[PDB]
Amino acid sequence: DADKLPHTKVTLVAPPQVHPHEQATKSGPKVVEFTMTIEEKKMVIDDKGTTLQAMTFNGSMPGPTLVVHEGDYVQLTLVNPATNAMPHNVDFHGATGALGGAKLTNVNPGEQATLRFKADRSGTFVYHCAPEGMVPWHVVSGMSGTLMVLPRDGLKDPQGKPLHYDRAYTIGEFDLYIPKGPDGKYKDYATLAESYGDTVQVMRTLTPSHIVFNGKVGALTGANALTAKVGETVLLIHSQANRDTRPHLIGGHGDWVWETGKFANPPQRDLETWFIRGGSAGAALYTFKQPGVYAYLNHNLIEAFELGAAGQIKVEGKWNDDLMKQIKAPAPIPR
């Protein structure tokens, strides 16, 4: 009975980081309490100044990742401040009943609600806004993130051996549908409401104008690159609430991957590219063996390089000539 369990309070952090948590734990079930505040805002999503009339959990695309253990209860307070214009709610794919909690969390600007559900299944799960009659619009405008439900005894390989990560990153991939006017330039809207009609028209073509990681072209590149070092194991959580994607680490692999994102199933090993179904989150582990800059991208290369679905991981450490060596550098072809 959930009423009798101990409560904990978790402080969320902004993507691409994930809040501190244990993997395997000696702890028993708890009611883990979280709070999120919705923020509607205009965001610049590319390097030429295009804006999106966006909608977010906690001010970020994606929303923050929530981490619990299997058998915990998630207790979320969702706040919709009066400065917003639209009603919102939340649908947790990790939850059972009431359209994922959406029917129980309908909040108009100025309102809040608290939902509890039992996280009875391990895996990474999408959560997203789903207001009746406007579901796709709120999702493509930015209202999604991940709930990770870890097995109480941590991650396991196909033979039941322990797996772990030393750091976790969360990447949300967003297919955007920005309208254009008769001059072929992207439209800039004064309000969220004014963007709706034109956006629906672009959506129905099924062709995104942009496909971005974490809300913007280059959000995870250069100074914003993810980091690691040789010998460190990273967990890359990848969510796509609306459209398929195919993650790939250039120069690396998915050592252990749950592409459907559900940890009670055996992972696959040695993947070059994996597949995240629209409406899901998946998870890959990789242990770095070489230093350098890696590209982490959607391997539809047009979607990555032209539309925005690409980031970087900068890795410290010692180069390994056994794994790879330039035997002969570029030089004139012998005559």
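Start at 1 and count along the sequence shown; that's the residue number.
For the pair 250 to 258 and 83 to 91, the mean B factor over Cα atoms is greater in 83 to 91. Per-stretch averaging of Cα B factors for 133 to 141 and 182 to 190 places 182 to 190 on top.
Comparing the listed residues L206, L147, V107, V217, the entry records the largest Cα B-factor for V107. If you compare the C-alpha temperature factors of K26, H299, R277, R269 in the entry, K26 comes out highest. Among the modelled residues of the chain, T35 sits in the highest third by CA temperature factor in this PDB entry. In the PDB entry, a CA B factor belonging to the lowest third of its chain's modelled residues is recorded for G308.
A264: CA B factor lies in the middle third for its chain, per the PDB record.
Annotation for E111: CA B-factor lies in the highest third of the chain's modelled residues. Among all modelled residues in this chain, the alpha-carbon of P151 has a temperature factor (C-alpha) in the middle third.
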